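What follows draws every value from the coordinates through simple rules; no lab data is involved. In this analysis, Cβ positions are derived from the backbone assuming ideal geometry, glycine residues included, and neighbour counts consider all displayed protein chains.
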Amino acid sequence: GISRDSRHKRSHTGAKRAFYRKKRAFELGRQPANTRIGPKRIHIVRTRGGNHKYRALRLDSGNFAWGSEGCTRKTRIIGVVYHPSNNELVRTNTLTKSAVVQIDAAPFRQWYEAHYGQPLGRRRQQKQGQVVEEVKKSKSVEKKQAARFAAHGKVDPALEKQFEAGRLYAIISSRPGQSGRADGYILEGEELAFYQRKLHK
Amino acid sequence: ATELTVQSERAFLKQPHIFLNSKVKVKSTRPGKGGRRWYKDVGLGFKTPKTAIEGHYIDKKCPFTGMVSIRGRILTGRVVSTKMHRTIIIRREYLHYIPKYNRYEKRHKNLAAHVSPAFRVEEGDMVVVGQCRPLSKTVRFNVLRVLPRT
Amino acid sequence: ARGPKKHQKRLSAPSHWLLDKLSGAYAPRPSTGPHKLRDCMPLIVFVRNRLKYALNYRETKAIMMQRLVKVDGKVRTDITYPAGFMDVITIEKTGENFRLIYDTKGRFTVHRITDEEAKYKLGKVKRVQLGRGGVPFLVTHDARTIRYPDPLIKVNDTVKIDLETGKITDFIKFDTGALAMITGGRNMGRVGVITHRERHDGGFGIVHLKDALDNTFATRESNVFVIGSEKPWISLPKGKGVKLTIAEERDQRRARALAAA
RNA sequence: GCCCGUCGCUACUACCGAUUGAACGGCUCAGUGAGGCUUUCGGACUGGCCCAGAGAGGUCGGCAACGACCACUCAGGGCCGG
RNA sequence: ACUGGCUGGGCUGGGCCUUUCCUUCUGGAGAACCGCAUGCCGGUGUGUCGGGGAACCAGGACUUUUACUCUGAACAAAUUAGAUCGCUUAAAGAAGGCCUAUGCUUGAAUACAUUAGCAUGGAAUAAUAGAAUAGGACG
RNA sequence: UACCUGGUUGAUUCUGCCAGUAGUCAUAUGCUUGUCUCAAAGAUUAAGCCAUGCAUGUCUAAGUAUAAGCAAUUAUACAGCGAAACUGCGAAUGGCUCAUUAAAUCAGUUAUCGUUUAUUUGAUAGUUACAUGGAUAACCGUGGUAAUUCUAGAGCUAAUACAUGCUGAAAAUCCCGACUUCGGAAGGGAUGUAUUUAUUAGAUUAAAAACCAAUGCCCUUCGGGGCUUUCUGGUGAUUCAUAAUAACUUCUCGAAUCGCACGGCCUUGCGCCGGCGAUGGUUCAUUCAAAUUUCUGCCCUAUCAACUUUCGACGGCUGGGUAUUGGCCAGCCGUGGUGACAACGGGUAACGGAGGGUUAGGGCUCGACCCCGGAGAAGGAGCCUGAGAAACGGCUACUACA
RNA sequence: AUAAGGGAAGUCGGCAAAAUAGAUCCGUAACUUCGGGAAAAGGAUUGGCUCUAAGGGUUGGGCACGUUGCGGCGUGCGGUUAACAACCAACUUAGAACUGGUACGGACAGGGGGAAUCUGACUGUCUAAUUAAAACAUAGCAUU
Ligand SMILES: [Mg+2]
Ligand SMILES: [Mg+2]
Ligand SMILES: [Mg+2]
Ligand SMILES: [Mg+2]
Ligand SMILES: [Mg+2]
Ligand SMILES: [Mg+2]
Ligand SMILES: [Mg+2]
Ligand SMILES: [Mg+2]
Ligand SMILES: [Mg+2]
Ligand SMILES: [Mg+2]
Ligand SMILES: [Mg+2]
Ligand SMILES: [Mg+2]
Ligand SMILES: [Mg+2]
Ligand SMILES: [Mg+2]
Ligand SMILES: [Mg+2]
Ligand SMILES: [Mg+2]
Ligand SMILES: [Mg+2]
Ligand SMILES: [Mg+2]
Ligand SMILES: [Mg+2]
Ligand SMILES: [Mg+2]
Ligand SMILES: [Mg+2]
Ligand SMILES: [Mg+2]
Ligand SMILES: [Mg+2]
Ligand SMILES: [Mg+2]
Ligand SMILES: [Mg+2]
Ligand SMILES: [Mg+2]
Ligand SMILES: [Mg+2]
Ligand SMILES: [Mg+2]
Ligand SMILES: [Mg+2]
Ligand SMILES: [Mg+2]
Ligand SMILES: [Mg+2]
Ligand SMILES: [Mg+2]
Ligand SMILES: [Mg+2]
Ligand SMILES: [Mg+2]
């Protein structure tokens, strides 16, 4: 089958090597698996030494971590928007490592509301559609939460605009074809500005 | 080396596992701990160049600010080609002994090595290289020091 | 070659086994175990070729099936068990204990030892570090792993093992002035005192020793085995590994012959 | 005395030569293309449940108040697997 | 076997003064030369004395660079040269030997390979670098 | 044992070859042949073709026994030996040959901080239970085909085959908080390991102060004088060994197995506790290794002087794939790499080496063949099982024989 | 204009007809006056639809004062935006996915080729109304 040896190549002087031996059990290769967004589907494969690997054919969710605070919540991925290697990967919407995606921001907004007693990215005040208040059952909570707000600080203006729409950009940092998991982190700061600057022009 | 800009590529270049966007600012002496540039020392009495510590270039093959370890032989030579990108060719000369005729003849070999942006290498120079893991089809050495010109 | 080997050809066996080139085509092919394959002492060769207790293979393998012979206090039942440096072999029915140690000519020799001293060993340490859960441990040259050691103990040292409880009673530092015996290289059987050590950055250092007779020699660190500072703890065999040259070797041979008769 | 070349007869060796001469072998453009790994639908055949409940029957204790369980036939639906 | 020698003659080597002699700091233990009082037959333990570190060890920095040669390390069994033992001698073999033993004892050595790679001493021979627009050395 | 003789001329001295001479662990052949110690042998031409027979199986006190098996008579669950069969392991080692192969194999010397590893050896893992569920072999009995180690449907029963499954501890850490006097607190959840991602610690190795912000405290004459301070391994070198936090997973492991011994307690219940072995099991270490990898070294030929990049040729970047690195592969961007110090190509009656033959020294020639390494099983490709195979006394397909 | 199977067996003779044909990318011999032979010979692709990438133009750049009613000026004096911002404009080339009764230069337009001999060097010209050729002319050469 597919071979990954260097025998069939050409020497650095340009000379052509001659036949040495037939293909070996090692040095083999395998058919690439193109991950796509859809209902979960994973196959098991028996690799060298009796171990196993996990081929992911269709995935829809994975862990993504928010950097500064350090909390990670499981949510779903909407779609891929950029890929440094090939554009056709983007158009076919297939996801691999170093793929820029868009993720749901709901679990992170909820956790932020629980940790800090203030709302983040709410420009729906024009509509006043979902205004609701629940009585908060304590008074030590305001001093602890306001202590957190006065100590840690406030979010940069760029991230609330993302939170109002409810979509966040992320980068896959796992290898879906190898480990069968799509994992990443929410990207922000100057590296974020790099991607918005490149994304629309 | 001479590089106009650091980020001039399709993807974003950054050192792995170096966290760069932290809300709280803490000043520490450690190179990689605080969130600033990371670097190490190869050893064998080789001193880290000054340009590396404050430079902004990103390279994953430099022995400094990179993910490559140096182990094996250490060799020296004369550069013969440095006109491609981030790689040079050195020329090594030696003497082979023919037993029957009781005298020598000259022979030579060609070697390929990876050059870091920290150094500036011109033609006809002495360099010292060290063995490393396979970095390409025919590149297995890295430059460590450039000897002064005559 | 499509897997691991399981046959060993005669004329390729280690020289210090002293196997005749005739009378067969194969050799015992020692099984895998605690000691290196190149320098080991198979139990079948030791019992049959040196002690001459068993005439041939058939009853040689019967002996271990009766569980008569044990090493390090634990009975072994496989004929090709790799024995090695400093290990203690005990035969209770006849009532004696043996220790495997090189002679001055680089081969294993029979060496009677007393019962009270035949119940402990000592070995050089190979690596020390902390394992899973933060528990420190070390491993010696005979695949002995011991947890919670003395924190001052470092690599290349030697440690005394009880062999019944596996506790670290005592140790010897690796420094100048110690008494050492060589275990690898062409300098087989020598015993000397560390004079001074010179190091080379990048690996493969050399150490210089000095014998009792003012002889001088050098060897790699991987071949030095310190056995004491002064008055070595173990009992050395006859000759003490001094490596007399052939001129006096023949002189003493004739002197001893005429002295006896 | 020695001795050189053409021409004629016999014997042998190699060379040029119309015949788009002939046979065998290696590497290759193009066309056709067995088999198999991976992959997408497919579901021969099989297993497990849960409800409602037809129809009948039995069980062990309860005066009773009431509980529980086990065999037959037609099943109704499902609604999940390999 | 063998002792002093001989003011013996050679030869190898190691210390100083000749304008040259031999890098440097930290730490280790500690000698030689000194006196203190305590004790014997003009020397010594003496110590819980310090003035004092010959040599040695461990660690750091500095030192033109190659070829060459000396000595080490590492490197296969067989083979080649080669030591020992009367397989009745020998080509072979690694055996055997000792009074009488219900026992004791030994050998199964050693040198070479030779190209490349790793350390150490020597510094002749044969190449290379350095202060001239001083861009030089020192405090 | 560092050696020569005959031959051009009427006779002489030379260059020069022809012939003679000796060895061969070097083959064939002719004549002849009594004994002792040792014993090579279808390599050369055809890696051409094969009738026949053999060359790989395996059981202990200790996985599974209702043999209409034998043998005894302590075992009414069995208890000895034990056909058949399931299950476990091996069959990838050995043995043969030299077709291909000219920096390829190979040799000496390095590296793996760039990987996999059955087995052996040593350590090591506290979140219905007095015992869970369906099949199947052997077996009884009935068939098909000229033909094979081909098999159908019907009726039974086992597991160390297959599939499920039980916080017995405390302490500590992190979050939510019912409830106040605002200065801490009722009680609620999580917390082994494997897998995947992000973040934190993993210290230095000379010393003397003075200010701002504001809080553990001792003593005390209430004016206060003040404040010594606890750990941190290793390499020449790392993001190392290891620890902690927020989460994740068609997802692991943490024992429903077997044999010998017949013991000890009192609340005397068919109660509780207790020894030595076998077979398994997560991680680390070790052993046998395996795959890649650094430097230098191979015969003749110029009537072979320029070669390599169509469709990777040299390098950079992002990924895929592999046990892992790598132009091994997919995209984007540069235009490189080798050569008269002999590249590239053509020949080889070429497997390489340790080594054999022949000797003053220097050399010439041979090496299929008992030792080490590589490759192949008529010629090509593809693959299952398994730790390990691109295996051929394993399978699939084509060509040629049969 | 079309024809099953055969494919020049018809005939003085392949006369007539058929076959090839555009564009893009590979590949290309003997011979030679080194200019050619060459479109040698001989192969592959070609529609529709939805996308991606490349090839341009114009206008803007610091202070310090003085006229003229925030501006045109007059000046003096610095920096080269690690090249940014807005607007405007036609076509030509390359690449990817899906799709169809495998069809796509869909009509028109549009070279058959190869191995040899005789003869004139070539382009050119003539018997208007039966002969276009090997005939004539030609540059070159030689003579009077
Ligand atoms: Mg084999
Ligand atoms: Mg090392
Ligand atoms: Mg083809
Ligand atoms: Mg097919
Ligand atoms: Mg002999
Ligand atoms: Mg004559
Ligand atoms: Mg043959
Ligand atoms: Mg054959
Ligand atoms: Mg039994
Ligand atoms: Mg051959
Ligand atoms: Mg184990
Ligand atoms: Mg099982
Ligand atoms: Mg890569
Ligand atoms: Mg060049
Ligand atoms: Mg051959
Ligand atoms: Mg050979
Ligand atoms: Mg094979
Ligand atoms: Mg095969
Ligand atoms: Mg066969
Ligand atoms: Mg076989
Ligand atoms: Mg027709
Ligand atoms: Mg027709
Ligand atoms: Mg035809
Ligand atoms: Mg006719
Ligand atoms: Mg005709
Ligand atoms: Mg016509
Ligand atoms: Mg054509
Ligand atoms: Mg033509
Ligand atoms: Mg198309
Ligand atoms: Mg066409
Ligand atoms: Mg004409
Ligand atoms: Mg006319
Ligand atoms: Mg006409
Ligand atoms: Mg004319």
Can you put C:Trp17, A:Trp111 in order, fewest other beta carbons within 10 Å first?
A:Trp111, C:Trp17
Taking the simple approach of a point 7 Å from Cα along Cα-to-Cβ for both C:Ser222 and A:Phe19, what is their distance in nm?
4.2
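Give the residue list of trypsin sites (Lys or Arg not before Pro) in the stretch C:39-103 that are DSSP loop and have at most 14 other beta-carbon atoms within 10 angstrom.
Of the trypsin sites (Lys or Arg not before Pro), the ones in loops of the stretch C:39-103 whose Cβ has at most 14 other Cβ atoms within 10 Å are C:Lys52, C:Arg67, C:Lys93.
Net charge near A:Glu69: determine it from the other residues with C-beta under 12 Å of the C-beta of A:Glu69, scoring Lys and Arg +1 and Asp and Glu -1. Numbers along the way, then the final one.
Working: positive: A:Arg73, A:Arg148, B:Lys23; negative: A:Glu188.
Here the count lands on +2.
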Starting from one equal scatterer on each C-alpha and no solvent at all, send me the Debye-based log10 I(q)/I(0) for the stretch B:1-111 at q = 0.14, 0.17, 0.24 Å⁻¹, two decimals.
-0.81, -1.06, -1.48
Express in nm, to one decimal, how much length is gained between C:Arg197 and C:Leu55 on full extension, taking 0.36 nm for each residue of separation and deducting their alpha carbon distance.
46.3 nm
Taking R0 as 41 Å, what's the FRET efficiency between C:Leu213 and C:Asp39 from their Cβ-Cβ distance, rounded to 0.05?
0.95
Cα centroids of the stretch C:1-56 and the stretch A:137-169: how far apart, whole angstrom?
75
Could you work out the relative contact order of the stretch A:43-144, using alpha carbon pairs under 8 angstrom and six or more residues apart, expressed as a whole percent?
15
Can you pull the one-decimal nm distance between simple spin-label points at A:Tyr185 and C:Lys154, each 7 Å off the Cα toward Cβ?
3.8
Dipole of the stretch A:8-146 [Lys/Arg +1, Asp/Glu -1 at C-beta], most positive-end residue of A:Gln145, A:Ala15, A:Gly62
A:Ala15
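To the nearest 500 deg cm²/dmol, what mean residue ellipticity at 222 nm is calculated for the protein assembly as shown from DSSP H runs of n ≥ 4 alone, each contributing -39,500 (n - 2.57), summed and divided by the residues?
Working: 9 runs with 80 residues, N = 612.
Calculated mean residue ellipticity at 222 nm is -3500 deg cm²/dmol.
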Would you mind calculating the relative contact order of the stretch B:1-71 from Cα pairs under 8 angstrom and at least 6 residues apart, reporting the percent as a whole number?
25
Step through the table entries C:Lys61/C:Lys167; A:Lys161/A:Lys201; C:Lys21/C:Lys238; A:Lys9/B:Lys14; C:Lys160/C:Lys243; C:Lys210/C:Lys240, compare each Cα-Cα distance with 26 Å, and write down the pairs that go over it.
C:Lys61/C:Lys167; C:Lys21/C:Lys238; A:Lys9/B:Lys14; C:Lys160/C:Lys243
What is the packing order of peptides A:125-134, C:117-126, taking the mean over residues of other C-beta atoms within 10 Å and listing the highest first?
C:117-126, A:125-134
Grab the alpha carbons of the protein assembly as shown, take their convex hull, and tell me the volume per residue in Å³.
336
Checking A:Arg148, A:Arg36, A:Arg109 against a Gaussian network model of chain A (alpha-carbon springs below 10 Å), the top fluctuating residue turns out to be A:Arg148
Just need the relative contact order of chain C here, percent rounded to a whole number, with Cα pairs under 8 Å and 6+ apart.
11
How about the stretch C:1-107: which GluC sites (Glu not before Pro) there lie in a loop by DSSP and see at most 15 other Cβ atoms within 10 Å?
C:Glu92
Can you work out the PRE-style zone for B:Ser81? Point 7 Å along Cα to Cβ, and I want the residues of the stretch A:7-34 with backbone N under 13 Å.
A:12-14
To the nearest 10 degrees, the tilt of helix A:140-152 (Cα long axis) against the first principal axis of the alpha carbons of chain A is 50
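Using the Cβ atoms and a cut-off under 13 Å, what net charge is assigned to the surroundings of C:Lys124, where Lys and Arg are +1 and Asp and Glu are -1? Before the final figure, lay out the partial values.
Details: positive: C:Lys121, C:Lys126, C:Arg127, C:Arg144, C:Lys154, C:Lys160, C:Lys173; negative: C:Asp142, C:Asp157, C:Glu221.
Charge balance near C:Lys124 sits at +4.
Using the Cα centre of the stretch A:1-116 as the reference point, and only Cβ charges (+1 on K/R, -1 on D/E), how large is the resulting charge dipole? Debye, rounded to the nearest 20.
Values: 25 positive and 7 negative charges, 264 e Å.
Roughly 1260 debye for the stretch A:1-116.
Taking the mean number of other Cβ atoms within 10 Å as a proxy for protection, how do you rank A:66-78, B:42-54 from highest to lowest?
Numbers: A:66-78: 14.9, B:42-54: 12.9.
So the order, starting with the most tightly packed, is A:66-78, B:42-54.
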Under a point-charge model restricted to the Cβ atoms of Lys and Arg (+1) and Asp and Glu (-1), what is the dipole moment magnitude of chain C relative to its Cα centre, in debye to the nearest 20?
1220
So if I take the centroid of the Cα atoms in the stretch C:178-230 and the same for the stretch B:86-150, what is the distance between those two points in Å?
37
Of the GluC sites (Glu not before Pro) in the stretch B:77-150, which ones lie in a loop per DSSP and count no more than 14 other C-beta atoms within 10 Å?
B:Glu122, B:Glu123
Give the cross-link partners of A:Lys53 among the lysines, using a straight C-alpha distance below 24 Å as the criterion and excluding same-chain residues fewer than 8 apart.
A:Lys23, A:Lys40, A:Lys74, A:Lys97
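Using a Förster distance of 60 Å, how high is the FRET efficiency between C:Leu244 and A:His12, based on the Cβ-Cβ distance and rounded to 0.05?
The calculated FRET efficiency here is 0.55.
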Efficiency by 1/(1 + (r/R0)^6): what FRET value for B:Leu13 and A:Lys154, r their Cβ-Cβ distance, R0 = 22 Å, to the nearest 0.05?
0.15
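What does the charge add up to near B:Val146, with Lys and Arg as +1, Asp and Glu as -1, over the other residues with Cβ less than 11 Å from its Cβ?
Surrounding charge for B:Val146 is +1.
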